[PDB]
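This report concerns only the one structure given below.
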Amino acid sequence: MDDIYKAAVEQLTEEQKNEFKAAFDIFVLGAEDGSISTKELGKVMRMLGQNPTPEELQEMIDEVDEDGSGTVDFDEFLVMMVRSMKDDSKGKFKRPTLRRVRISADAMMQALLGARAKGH
Ligand SMILES: Cc1cccc(Nc2ccccc2)c1
């Protein structure tokens, strides 16, 4: 979990984290635990035209998966959210978390966010 971004949620406005939450919640549409498992994650990706495999998906979850549960919950999602929209490490040091299927902040969000999305 990028503690830089982990601060950035601490740095996001109320609206900021509120919006992002929704995407989490809809990422977990009908989920029993309501945390994003790999196929919960994969759902949205396929909602975006992606077609991951859990392996890929897991590495996305694994970042913030502090409990080692294989599921992202809100703040876990949220820090990736601000991570996704910032990702300032363009041409310098960063560790690769599988450039397999990279979900875009808004593009992914919009898939869930047919409710308060910038687009639809
Ligand atoms: C490469 C990488 C690292 C961390 C997170 C994600 N994406 C993601 C998006 C939504 C839910 C879970 C994960 C991708």
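Just so you know, the numbers here start at 1 and follow the chain as drawn.
The deposited model was determined using solution NMR.
Every residue gets a Cβ built from N, Cα and C, even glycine.
Listed in Swiss-Prot for this protein:
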BINDING   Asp65, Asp67, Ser69, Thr71, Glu76  Ca(2+) 1 binding site
MOD_RES   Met1  N-acetylmethionine
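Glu76 (Ca(2+) 1 binding site) falls within a helical segment according to DSSP. Cβ-based neighbour count (10 Å, all protein chains) for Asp65 (Ca(2+) 1 binding site) stands at 19. Note: the Ca(2+) 1 site is recorded as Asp65, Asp67, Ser69, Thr71, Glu76; in the same chain, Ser35, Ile61, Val64, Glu66, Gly68, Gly70, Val72, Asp73 also have Cβ atoms within 8 Å of that site's Cβ centroid. Of the candidate binding-site residues, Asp65, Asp67, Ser69, the one lying closest to the residue listed as 'N-acetylmethionine' when CA atoms are compared is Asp65. When Cβ neighbours within 10 Å are tallied across all protein chains shown, the highest count among the binding-site residues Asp67, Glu76 belongs to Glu76.
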